[PDB]
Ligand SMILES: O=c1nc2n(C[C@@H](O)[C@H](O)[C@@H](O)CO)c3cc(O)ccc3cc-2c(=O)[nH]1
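One chain follows as structure tokens, the form deposited without the named molecule.
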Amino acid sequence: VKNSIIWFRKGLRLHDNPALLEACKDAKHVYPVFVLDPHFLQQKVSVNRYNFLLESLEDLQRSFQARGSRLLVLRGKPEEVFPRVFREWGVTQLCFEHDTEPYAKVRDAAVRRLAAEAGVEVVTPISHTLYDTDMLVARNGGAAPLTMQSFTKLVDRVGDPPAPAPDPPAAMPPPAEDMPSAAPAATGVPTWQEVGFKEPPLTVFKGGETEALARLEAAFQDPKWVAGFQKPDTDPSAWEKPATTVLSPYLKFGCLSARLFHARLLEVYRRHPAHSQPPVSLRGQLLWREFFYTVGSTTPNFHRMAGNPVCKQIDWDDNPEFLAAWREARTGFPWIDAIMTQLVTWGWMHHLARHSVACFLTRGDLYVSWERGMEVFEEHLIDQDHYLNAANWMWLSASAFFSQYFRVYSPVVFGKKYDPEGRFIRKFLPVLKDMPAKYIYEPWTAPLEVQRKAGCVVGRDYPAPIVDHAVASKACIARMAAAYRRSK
């Protein structure tokens, strides 16, 4: 008989899951498995992203229970768990979504060898990304395109991505009963308190495939907005109803299939001939994800500066004081501090909000390495993606892809163009709630009487600005100009 395991790592969903469809085919028993490291926090990860994963697994558990099955959260490392459960469950086939991250390739290689020793067939379909990323490289002459414009001409020569896979059957072959490694008390989904966290999650975005689909349909309720979407024209100060889809955490964990997203976009585009085109369109945003995935998977040391063949080597400063002030939202610039407060509270900010804080920390003001800001983003972001977080930090620091280091966002003027009353600022920084809008972006310019009437004295309730933007930015520009000249 055929007994199979569908191993969840990403792809935390039942829709468009070719690995699950293959695991169920002609199977007598199916073991849906997620491997959890109970010593993860005793190693970096916020409760917001880890609870988002737990809610995603809880959503999987209900979906499996609704089809006569059950999700098994096995404790331990995969190289030690699978050799046992291969023999105990009589497994003949192992199925999991292909992953191109560096750690994934080492882990998957090791598991593949253990599977061959136990006589277990391994099927690893591609469905995290739109395309087979190795096929795009092979189609482009053996090297990944380094520009979005050339990357778009490649995907247009390849054609549409594969259709989303059909849904699994209404009933699924259940796990075998009374197997010791499948005991319910040792395979349940843990809560955020049980994995070690002490502070509760504060984010407003709930995890799981069900939430991902409901947010997808909400984005498509207005097909004209989808068709006319232009990323650079969206509002970073909008928080009550964010100006973009906020599908990034679900695409990161695979709660939403990118191919389903892409297939829905094409339906709307066929009916609205004036729809926006890449790179600004909503399809263009999925292409940025694919573009960065294709470059980064074929570039060694992509997440670092040294040894990265595509990253500029810049003499970033080792200023721990500037980094701590930026990390703890006490720079003295309310627009910067409000975004960094949203980072720790929600785990998600609008793309241009991330532009503001990343330019400020790196090539704009503090001249700290993009790797340091990256480490802070990887801790709190619920959409934390190894390749996207890398490439966008190298973009914002003018270390890769982007080179116009003379374009420097003002931490005073940028948000003021969207939100002159500072509603975004008062939301996330309630200490400035009573500050009049004339000084909300520049509280140190307010007279002492106004600061006292609003109960926010600069240097007592809210910190004074750590740098003068006009002085700091001119220095960063002069130094970036020399870094782009000394190289060749």
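When you see a residue number, it is the position in the sequence shown, counting from 1. Residues that one form lacks are left out of the comparison. In this text, the rigid core denotes the largest set of C-alpha atoms whose superposition between the two forms falls within 1.5 Å.
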Check the entry's C-alpha temperature factors for 219-227 and 286-294, then say which stretch has the higher mean. 219-227
Entry-level comparison of average CA B-factors, 58-66 and 452-460, reporting the higher stretch: 452-460
Reading the B-factor column of the entry, which of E371, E117, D134, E267 has the highest value at its C-alpha atom? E117
Please pick out which of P232, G254, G207, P200 has the largest Cα B-factor as recorded in the entry. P200
When the modelled residues of the chain are sorted by Cα temperature factor, does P32 land in the lowest, middle or highest third? lowest
Sorting by Cα B-factor within the chain, modelled residues only, which third would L429 end up in: lowest, middle or highest? middle
Quick check on the deposited entry: does the C-alpha B-factor of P190 sit in the lowest, middle or highest third of its chain? highest
Give the position of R363 by CA B-factor within its chain, expressed as the lowest, middle or highest third. middle
Relative C-alpha B-factor of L53, binned into the chain's lowest, middle or highest third: lowest
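The discussion below concerns the form solved in complex with the named molecule, not included here.
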Among 117-125, 132-140, 96-104, 266-274, the region lying within 4.5 Å of the named molecule in the entry with it bound by heavy atom distance: 96-104
In the entry with it bound, do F34, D37 and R49 all reach within 4.5 Å of the named molecule through at least one heavy atom apiece? yes
Is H380 close enough to the named molecule in the entry with it bound to count, meaning some heavy atom within 4.5 Å? no
Just checking whether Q384 would be counted as a contact of the named molecule in the entry with it bound - the rule being heavy atoms within 4.5 angstroms. yes
Residue contact check: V45 to the named molecule in the entry with it bound, 4.5 Å heavy atom: yes
Using heavy atoms and a 4.5 Å limit, would one call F253 a contact residue for the named molecule in the entry with it bound? yes
With the named molecule left out of view, choose which of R9, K25, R479, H469 has a non-hydrogen atom within 4.5 angstroms of it in the entry with it bound. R9
Sort through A446, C456, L429, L53 and report the residue having a heavy atom within 4.5 Å of the named molecule in the entry with it bound. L53
Superposing on the core, which single option in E449, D37, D26, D461 has a CA shift of 2 Å or more between this form and the one not shown? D37
Do any runs of 3 or more residues shift their CA by 2 Å or more between this form and the one not shown on a core fit, and if so, which ones, in sequence order? 37-43
